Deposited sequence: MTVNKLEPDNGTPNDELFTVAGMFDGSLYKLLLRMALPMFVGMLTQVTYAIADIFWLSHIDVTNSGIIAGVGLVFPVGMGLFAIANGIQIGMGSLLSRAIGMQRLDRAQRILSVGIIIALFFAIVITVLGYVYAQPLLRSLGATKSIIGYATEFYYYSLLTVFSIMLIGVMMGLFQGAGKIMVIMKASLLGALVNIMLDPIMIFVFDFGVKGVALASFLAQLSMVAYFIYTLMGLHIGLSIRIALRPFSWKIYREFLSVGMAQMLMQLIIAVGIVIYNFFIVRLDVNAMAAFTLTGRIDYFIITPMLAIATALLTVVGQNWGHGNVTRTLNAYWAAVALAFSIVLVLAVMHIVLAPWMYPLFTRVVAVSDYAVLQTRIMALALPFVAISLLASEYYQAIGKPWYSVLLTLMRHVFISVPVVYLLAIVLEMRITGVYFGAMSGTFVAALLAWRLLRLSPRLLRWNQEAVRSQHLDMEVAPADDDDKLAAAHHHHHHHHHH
């Protein structure tokens, strides 16, 4: 339970030692697709891709369960009640269960209409429906992993998470071949290999692990706020796609190229965020508010610094890199212009995004959502409209408008994260 350096140590050492294992775990996740497509190399079943969004709303909900778990457990530990702690796992599991039932049941009955809003059946439907159904069979297990992730992240034991992750990636590496060759299962088999990978992780956790509406409310409010924030981010990407497409179809193709890469650059900040939840949550429970504030700015210093480097790499690399990805030069031009304009905003995203983690850690999701709304909606939409339409800038106007929310939100974070009477009162009420 202790997690050395938590209450008295160097915050940089503390956050890094926690965030680095978490980052390794995140790299394992990528290997799945690499191994999958490597073995898929040996037009009908390929509507598996149609069902891809469903897998992502499952990780999204699992993620909300994780932070609810992480947030609540880490405050209990810091308060030194391994008391509410065993309660929390219980309530964590029960919440995960009902979420799986509601999702499988509404999944099933509304299956037909839901699938319509994804893809067209002139060729792929029966393939689509089967995979949708197999996806439903994975829900409880995915939710279970959220609980477990939330359990070991709350206790600050990330090595168990990093080792679970590695075991999962090895399993998928070995099984993918066996499903193709021994069992003759095709694409289904690589999917099933990925899934037995996830269960072996689940197994690893439980084996390691061997040896009152108020509390549903506390868990549900943080956890569901996390889901609401995924949503807002997804919606902001929709409104962005809407504008890009109606202006120039090539800019929409450019974004399709930049997206995975823009996402990797941001991952080191997601790793630090996870570490910060534990440190804020536990120091908050222990009553040390100053240290939680120092913890946030230690995290911003790490995250900003790393992402700025990855961002600058992207910008200078883009002119040489993107032409290799496409022969249409309007598409590689748009991708280069987008990166050049928006890339430096990325490290600034750390300021408001870590601010969101802090409020989740201390049980105040309202300000988590406030900062996410401020970043992806309240500023961006009206400013993009202003710059891309009224002022006659077009795609260049989208790029500038869209990143203006990141700056305002960074301003907000900076103002809110500091000693205040209310913040100190909040900690009095907590302990």
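Where the deposited sequence has no C-alpha coordinates (positions from 1, in order): Those parts of the chain that were deposited but carry no coordinates are 1-17, 60-65, 235-248, 469-499.
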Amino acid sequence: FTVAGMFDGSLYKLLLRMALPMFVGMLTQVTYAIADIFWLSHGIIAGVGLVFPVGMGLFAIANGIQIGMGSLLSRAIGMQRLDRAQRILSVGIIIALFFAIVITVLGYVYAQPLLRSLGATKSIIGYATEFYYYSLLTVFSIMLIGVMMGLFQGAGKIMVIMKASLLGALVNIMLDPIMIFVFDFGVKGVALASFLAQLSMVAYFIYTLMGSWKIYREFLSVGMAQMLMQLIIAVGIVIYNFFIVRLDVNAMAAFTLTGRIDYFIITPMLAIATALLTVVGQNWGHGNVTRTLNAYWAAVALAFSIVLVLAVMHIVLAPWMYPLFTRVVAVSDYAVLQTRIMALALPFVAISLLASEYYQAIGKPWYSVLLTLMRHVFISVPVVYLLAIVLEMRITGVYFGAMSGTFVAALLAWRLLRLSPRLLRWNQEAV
From here on, numbers count along this sequence of modelled residues.
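Mean C-alpha temperature factor, higher of 33-41 and 372-380: Higher mean C-alpha B-factor in the PDB entry: 33-41.
Between 168-176 and 145-153, point out the one with the higher average CA B-factor as the PDB entry records it. On average, C-alpha B-factors are higher across 168-176.
Most elevated Cα B-factor in the entry, residues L277, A335, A355, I125: Result of the comparison over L277, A335, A355, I125: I125.
Among the choices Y296, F219, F325, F195, identify the one whose CA B-factor in the record is greatest. Comparing C-alpha B-factors across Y296, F219, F325, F195, the maximum falls on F325.
Within this chain, which third does the Cα B-factor at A4 fall in: lowest, middle or highest? Top third by C-alpha B-factor.
In terms of the chain's CA B-factor thirds, is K163 lowest, middle or highest? It falls in the middle third of the chain.
Ranking every modelled residue in this chain by its Cα temperature factor as given in the entry, which third contains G70? According to the entry, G70 has a C-alpha B-factor in the chain's lowest third.
Comparing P347 with the other modelled residues of its chain, is its CA B-factor in the lowest, middle or highest third? CA B-factor rank for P347: lowest third.
Which third, lowest, middle or highest, does the CA B-factor of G57 fall in along this chain? It belongs to the middle third of the chain when residues are ordered by C-alpha B-factor.
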